[PDB]
J.: 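For reference, the structure I am asking about is given below.
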Amino acid sequence: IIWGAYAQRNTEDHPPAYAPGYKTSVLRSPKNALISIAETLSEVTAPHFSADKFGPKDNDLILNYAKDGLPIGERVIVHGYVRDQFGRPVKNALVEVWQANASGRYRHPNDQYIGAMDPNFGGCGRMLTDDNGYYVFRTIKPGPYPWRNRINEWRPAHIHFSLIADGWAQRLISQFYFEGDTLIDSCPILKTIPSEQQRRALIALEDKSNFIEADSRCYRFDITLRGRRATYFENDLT
Amino acid sequence: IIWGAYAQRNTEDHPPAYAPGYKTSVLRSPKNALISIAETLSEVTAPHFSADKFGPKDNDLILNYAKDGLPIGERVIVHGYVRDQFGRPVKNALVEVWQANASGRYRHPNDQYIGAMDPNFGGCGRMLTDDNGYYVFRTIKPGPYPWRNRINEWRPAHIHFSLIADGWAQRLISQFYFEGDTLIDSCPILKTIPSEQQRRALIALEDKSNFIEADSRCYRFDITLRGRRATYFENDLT
Amino acid sequence: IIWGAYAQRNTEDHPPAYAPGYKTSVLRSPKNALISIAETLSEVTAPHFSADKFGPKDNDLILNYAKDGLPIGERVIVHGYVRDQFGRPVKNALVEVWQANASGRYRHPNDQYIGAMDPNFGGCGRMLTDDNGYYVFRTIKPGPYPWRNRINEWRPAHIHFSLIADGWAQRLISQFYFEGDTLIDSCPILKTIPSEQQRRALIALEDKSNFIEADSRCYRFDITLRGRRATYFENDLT
Amino acid sequence: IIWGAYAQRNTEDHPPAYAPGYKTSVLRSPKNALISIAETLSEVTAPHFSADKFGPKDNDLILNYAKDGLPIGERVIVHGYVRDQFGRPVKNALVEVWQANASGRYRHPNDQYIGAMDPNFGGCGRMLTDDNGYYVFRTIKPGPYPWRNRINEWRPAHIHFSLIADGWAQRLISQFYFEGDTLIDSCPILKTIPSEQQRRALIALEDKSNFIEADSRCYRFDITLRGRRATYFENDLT
Amino acid sequence: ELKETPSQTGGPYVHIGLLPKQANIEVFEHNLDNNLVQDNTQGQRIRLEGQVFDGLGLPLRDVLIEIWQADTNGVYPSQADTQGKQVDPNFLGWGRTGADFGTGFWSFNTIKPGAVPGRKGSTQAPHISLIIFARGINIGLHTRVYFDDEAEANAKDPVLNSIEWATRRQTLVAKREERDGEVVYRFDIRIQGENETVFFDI
Amino acid sequence: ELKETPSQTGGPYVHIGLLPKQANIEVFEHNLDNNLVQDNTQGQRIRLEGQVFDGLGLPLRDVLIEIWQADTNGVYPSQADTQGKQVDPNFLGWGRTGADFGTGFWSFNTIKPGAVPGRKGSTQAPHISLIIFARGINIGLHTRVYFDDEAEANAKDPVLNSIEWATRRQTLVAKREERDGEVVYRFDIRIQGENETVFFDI
Amino acid sequence: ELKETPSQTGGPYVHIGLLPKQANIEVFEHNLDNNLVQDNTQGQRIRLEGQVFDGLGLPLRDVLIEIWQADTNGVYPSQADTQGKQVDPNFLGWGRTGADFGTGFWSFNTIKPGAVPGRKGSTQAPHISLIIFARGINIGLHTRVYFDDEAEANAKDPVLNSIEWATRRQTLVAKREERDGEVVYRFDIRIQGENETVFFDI
Amino acid sequence: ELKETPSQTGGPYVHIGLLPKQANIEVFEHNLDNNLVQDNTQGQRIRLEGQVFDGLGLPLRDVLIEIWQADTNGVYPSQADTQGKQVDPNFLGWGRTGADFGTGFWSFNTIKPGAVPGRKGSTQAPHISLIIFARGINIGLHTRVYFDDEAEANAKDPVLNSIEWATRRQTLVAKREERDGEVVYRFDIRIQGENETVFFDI
Ligand SMILES: [Fe+3]
Ligand SMILES: [Fe+3]
Ligand SMILES: [Fe+3]
Ligand SMILES: [Fe+3]
Ligand SMILES: [O-]
Ligand SMILES: [O-]
Ligand SMILES: [O-]
Ligand SMILES: [O-]
């Protein structure tokens, strides 16, 4: 198999840069249209991160910053599969997450929300997908939190995630939410996404058979990255 | 107005005593049918609790047990109205609540769940409804928790509540849940209630206009107690 | 009752500042997003207008400018209630109206429309809502009129209204229309309002039982202003 | 992969112990609720049966007891796949079947039904699923038969089956039926199963492309057993 | 018209969340308890105690019980009392208790109530109204406690006579005992099975 | 709960229908105007004036402006003022004006307001709340006017500091000038474009 | 995800169709039975026997029983055993039997199992896992057999202690007897009623 | 076929959650940073730095930037590189940095990349691929950094020539400077407005 370029990103499946309802986007969006280019080696390559570098608790947000006790909040496991748009598993992709604690508070001086800080919670994790594109991490369910867009704006609970995979063209950062959260329908950031089917693609689903008794609940959440097409005639990449 | 008896409790609107899916009910339910009686002064009277006895933080579960800091978890206000079945407000009724903390852990040696304890959270509160039957308290949203019915059973987040009002016949203890919680559809305890419309009557609704910016979310939850009928002909109570 | 801030204005329930179909908005709309602030005494206060200052014909546009005869056109009474978003009546609010005459002509040199002027019609009125939030005025039904947006643009008949109530944050100016006017569906100004349910909120309804025989027709039109929330815990306003 | 416990049996997907319409269950059902336990090595292990022990005709009910001729009745092949609830094939599971002959008569002195015995039919078979969880056996289609529940009760045609697989917790005995049999809708034993979707899960489907010309018809029937979950954090089994 | 909010079990911590003080949760200054006798309370002091048993005959150690009763003259300390008599001003008439965690016994220190009017000019025998909440109990169970030394009054009691199986009436009669000068009424409650206590829909 | 009535532009005659007197429509005996100073009003008299410009830089001659402010001691002549201080009884605190048809200038004769409490014990710098209505403006635009000679107070003002682009704060500061003994604060409003005035959602 | 195939009763001929040999149906050369002891099997030989009774107290003569157990050192002859110890190679660990048609007794010849690890480093007392199938039983009933001469181990057993009604734990203990040199454990099973045997959802 | 998961802004703490070490959150032993030069890395060391400005011209202090580049010989340390040349084994080719909280400057210590093949036998000029994430940015913005001292190569670059407004090509050229012996390329990014940097859909 000789690989060609990544399929074109479908702009209608993503938020536009300028989205007036999310006020901070007004001064941080280009006024010119993006210039599309034909891909070269630069866009179809990406770095490799070796497993050797990761610690044993890197994907365990419950214990990786625990000092005297366990963090307070709902114990949850989140797992799922990373695949490309043609359904192929994405192997050894770097998945990084960051989030607030159970009160909706981030661990930084910049966050001044009255929600209480948890001395035993850090809120950062990372993992590599396996050969089937599978990933799993454990954490405390984040609390929703207020922010100033309109004065009484509130984000639904969410976990921020980032992926570095096989090609630079696949680089993606987003946020996933939890099935049933009522704030999901009111969030101006989630509403920047044009279609309802794509908004639903960011909702992690309750996976009841995978709860661990007297221990943790579990959510299922799959991620799809852009896929490369195979070449059977002229290979112009180079 | 001369008052007569409380309208008959509609047994079809409540769970039955024997409910096999909630296993603990099998040995704690009478095998005989309840014996219905005509009401006397005993059933239409109840005690009075004076406001003087309540402390200033009795309805503030966020601060009433806070020692060195604030409890960890989602800050929420819950408010609503207590009315009788004919729509009359229930005045000066004693409303007591108890619940788990953000991890789903109760503050008692008996609870051995691994969810972490919060040294700044107690989980008990009380208030008197005002003249319009209004009540309001503040707390941390409880986390769902496991329990052993089937080994992997999980209660949706809930707050336990109790009411002592005008007549002993109105005495009621129950539990309310939060709009959107996906565990609500699987709970054997909530499923002891026969009708879907009555299951929905225990779900507290998100009240977005009443959120307090950069502070707390708010849920609306109304409660209905049995009502007395007026007498216009013979008064047999006595 | 200790009052807190006004509920946040729901921007989705109002027209956006920039609305290309209403051409004059293109150069008179800010390019920056509005900056939301937490309310202070400045935003929750407003002036008081004493009834003593109003004349007896201030709410009677039929007679308040009549010199030798009555104005020409359809005699109509318009009445309704002003309430806040939580349903509370708005008492002693200043309601001012202005409009064109039966030909669709305003009483100003600037209006050069060929529709005829009426020497006995002025087109300005005002009133204070009573304790139930009720208001009533009498007038001549305005005629629709042309204007230059696209060259053949026509406004449906409308009466302009303004309200100064309890808080500066409630300050509102708008326009209401008359049930059945076919121009309502084509107006670019009414179409700046995003939702159909909100467009319908500006349509005054025929109130047939309240017509006055051999005299005047009557329209019913209610207005809703932003409401304040009550405070039960910390009062941060001050 | 480190394996954890079997997912909890979903009691709502199975008949209850006490089912009054199947009269024999009234005195053979516990009155206490079953006690759920957390699994140990005892529940996740099971025996192994070696292929060496099975004879060549063990899965051929048509010939395995044929003495002078072939049994009388409809020649049918039944095949399908055994999988766990997460879709994984169940390998080398012991599948045993037993059934009546074409007249609905079992080969035992206890069965006194007038339906005729077939000297060339035994009615017992067994096989091991292969690596894909596939199984296939051949037999004579059983006839429906009367039994005394209500005096005129009749079982639809059925074949009894039993499975011993990887874990003791998967141990299952049941019965499957044949697509279209009209007795299926009237059977009190099949009606002990609460949901219609689960009743349909016991109906073997006609597999027309797999009939063998001038020879036998074929039915397709898949079986699902409880599945184990994988462990990625603490392994408490031991 | 509205439907009554549906009941749900008090659950496993009902005897903790409604009696925090006892569970060492010191959130309230004034706590409700099982002592209905204040210093000037009128009437003869009595102690009511017993155990609650499940269908296997074992005592429940997670039950929460409350009682409601009239003062010494049969008047309820309630605005809904229409008797036109003044009530003892040093009597709440209500109490709450849980069962000891080990023993399983529950108790109240109260006063023996006086007779209260029944319907249509009848007279009820002295009684205490009792309700039970616990894990496994979906709706609080109502019952009444009568006294064995009031046989004469019990025989003419409207409610007791409205129980057609005369044999079950006796499950509602507590037994008087005298522990070193104190009067105690033993009242055992059997939720299920033989000698199942009568429960009312009131 | 109800949705707020939707806003609509004031339209081309908003500065006429709300100030009839000026448009020579003499229907009312008592008319509202741009003069907040009565004879016994306390405080230092000031004149606030300026122009409103569209995106092409041209002044709007059909704009209608109103202001709302506190008296000389920072008290609002409003029943919603919870300060517990008595307000100047000869002060309405509100005014309305239009722009001159030719020049395009608008103005108010008022008093310099005193400092008003901010939230959580803070103190706001003196300011006047201002709203603008006109054809092409779909919802009244809210802004505030601060004073350049109050630099010290402006630097600690909650609202001004809540504007993250420090460069935009200055669009809210009016410039003090002294015309033949009278104090004038010039405040120009730019609806769109370079040096666009800050507008608030309040 | 898929739902587990629903259970159905074994029906009236379950003890015949799963033990054909005994019902004189000679279709298989190698037949499964109730004898778990092979000649080199290690451990002390024991005989486990008893009867299964319905709610009227009558023995079931159409029941089919299977048992699953560990070898003499508490190791399961299963690939899912993660103990890292070698299992007795002459032990299947499973057996099947029916009840005698007249008497109603069932039995197995096996070995007394050794202790098996419990969860989180605990140790379970020796036990045999047992399942019962029969007409009228909609889903096979799971129970465990413990031994009366292992009182010390039984007292610290996780599963037995997870049964809150201590009185029911005893229904799971078989009684040791010694018939002419052979050790026999009598285990009677009561499906319904007084002294109802505990059944587990595993 | 599946749709790509939709992007969402990195949000306000993206430069903290992806660089915890810098935010004093010490959860990882090995941390990713902005230094691509290891000791044996080949090539000429350079420092790339600049600022990112919003539409008002103010620098973003909450931006997170990553770069991806080839080694000194124009080979990518990626299994998808099909050049058949061996890559420098002491080079990751990727780095991540945030902007200083006060100054607003961001920087990387790396090596000047060599030329990489373009499509259909063309040759690209040396470049570094860059992506920007931040609150208010809904999808990461892609751009490239070229070097002013490579004018000759830049003039024949496929990508640069595919930008039809020749005037915008220059926004992609960084300026070489020499600070006390060290080579620095200054690259400022303007998200909106005059001299808006070119961004690509790749
Ligand atoms: Fe966030
Ligand atoms: Fe609970
Ligand atoms: Fe108009
Ligand atoms: Fe059968
Ligand atoms: O509970
Ligand atoms: O107009
Ligand atoms: O059968
Ligand atoms: O965020």
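Just so we're on the same page: letters track the sequence lines, and every chain starts at 1. Only heavy atoms go into these numbers, but all of them, side chains included; no hydrogens, no water, no symmetry mates.
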J.: Using every non-hydrogen atom in the two residues, find where B/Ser42 and E/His127 come nearest and quote the distance to one decimal.
T.: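 So the two residues come closest at OG-NE2, 2.8 Å.
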J.: Under 4.5 Å from any heavy atom of chain B, what part of E/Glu164 do you find: side chain, backbone, both or neither?
T.: neither
J.: Can you tell me which portion of B/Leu190 sits under 4.5 Å from chain E's heavy atoms? Options are side chain, backbone, both or neither.
T.: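 Backbone plus side chain of B/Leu190, per the 4.5 Å heavy-atom cut-off to chain E.
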J.: Below 30° counts as parallel, above 60° as perpendicular, anything between as tilted: where do the rings of E/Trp68 and B/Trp168 land?
T.: parallel
J.: Side chain from CB out, backbone as N, CA, C, O: work out which of these in B/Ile189 comes under 4.5 Å of a heavy atom of chain E, or both, or neither.
T.: both
J.: Need one label for B/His48: side chain, backbone, both or neither, based on atoms under 4.5 Å from any heavy atom in chain E.
T.: both
J.: So for E/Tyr76, is it side chain, backbone, both, or neither that comes closer than 4.5 Å to the heavy atoms of chain B?
T.: side chain
J.: Which answer fits B/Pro16, side chain, backbone, both or neither, if we ask what part of it has an atom under 4.5 Å from a heavy atom of chain E?
T.: backbone
J.: Could you tell me which portion of E/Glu4 (side chain, backbone, both or neither) has an atom closer than 4.5 angstrom to a non-hydrogen atom of chain B?
T.: both
J.: Given a strict heavy-atom distance threshold of 4.5 Å, which part of E/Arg168 is in contact with chain B: side chain, backbone, both, or neither?
T.: side chain
J.: Determine whether the side chains of E/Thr82 and B/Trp3 contain a donor N or O and an acceptor N or O closer than 3.5 Å.
T.: no
J.: Measure E/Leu56 against the heavy atoms of chain B and call it side chain, backbone, both or neither at under 4.5 Å.
T.: both
J.: Sort E/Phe101 into side chain, backbone, both or neither according to what part of it lies under 4.5 angstrom from a heavy atom of chain B.
T.: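 Side chain only.
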J.: What part of E/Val14 is in contact with chain B, defined as an atom under 4.5 angstrom from a non-hydrogen atom: side chain, backbone, both or neither?
T.: both
J.: Under a 4.5 Å heavy-atom cut-off, does chain E meet the side chain of B/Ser29, its backbone, both or neither?
T.: both
J.: Under a 4.5 Å heavy-atom cut-off, does chain B meet the side chain of E/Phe133, its backbone, both or neither?
T.: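 Contact with chain B involves the side chain of E/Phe133 alone.
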J.: Which bit of E/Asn24 comes within less than 4.5 Å of chain B, counting heavy atoms only: side chain, backbone, both or neither?
T.: backbone
J.: Minimum heavy-atom separation for E/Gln83 to B/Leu41, with atom names?
T.: CG-CD1, 3.7 Å
J.: Of the non-hydrogen atoms in E/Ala80 and B/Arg228, which two are nearest, and what is the gap between them?
T.: CB-NH1, 3.8 Å
J.: Can you say whether B/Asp111 sits under 4.5 Å from chain E via the side chain, the backbone, both, or neither, judging by heavy atoms?
T.: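 Answer is both: backbone and side chain atoms of B/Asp111 are under 4.5 Å from chain E.
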J.: Under 4.0 Å between a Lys/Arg side-chain N and an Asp/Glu carboxylate O for E/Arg144 and B/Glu43?
T.: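 Result for this pair is yes, salt bridge flagged.
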J.: B/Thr11 versus chain E, heavy atoms under 4.5 Å apart: side chain, backbone, both or neither?
T.: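 For B/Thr11, the contact with chain E is made by the side chain alone.
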J.: For B/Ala169, is it the side chain, the backbone, both or neither that has a heavy atom under 4.5 Å from a heavy atom of chain E?
T.: both
J.: What part of B/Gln197 gets closer than 4.5 Å to chain E, counting heavy atoms only: side chain, backbone, both or neither?
T.: side chain
J.: Below 4.5 Å from any heavy atom of chain E, which atoms of B/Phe161 appear? Answer side chain, backbone, both or neither.
T.: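 Looking at B/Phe161, just its side chain touches chain E.
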J.: Go through E/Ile131, E/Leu60, E/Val198 and name the one with the most non-hydrogen pairs under 4.5 angstrom from chain B.
T.: E/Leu60
J.: With heavy-atom distances below 4.5 Å as the criterion, would you say the side chains of E/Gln8 and B/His158 are in contact?
T.: no
J.: When only pairs under 4.5 Å are counted, which of B/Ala33, B/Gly123, B/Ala38 shares the most heavy-atom pairs with chain E?
T.: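 If we count pairs closer than 4.5 Å to chain E, B/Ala38 comes out on top.
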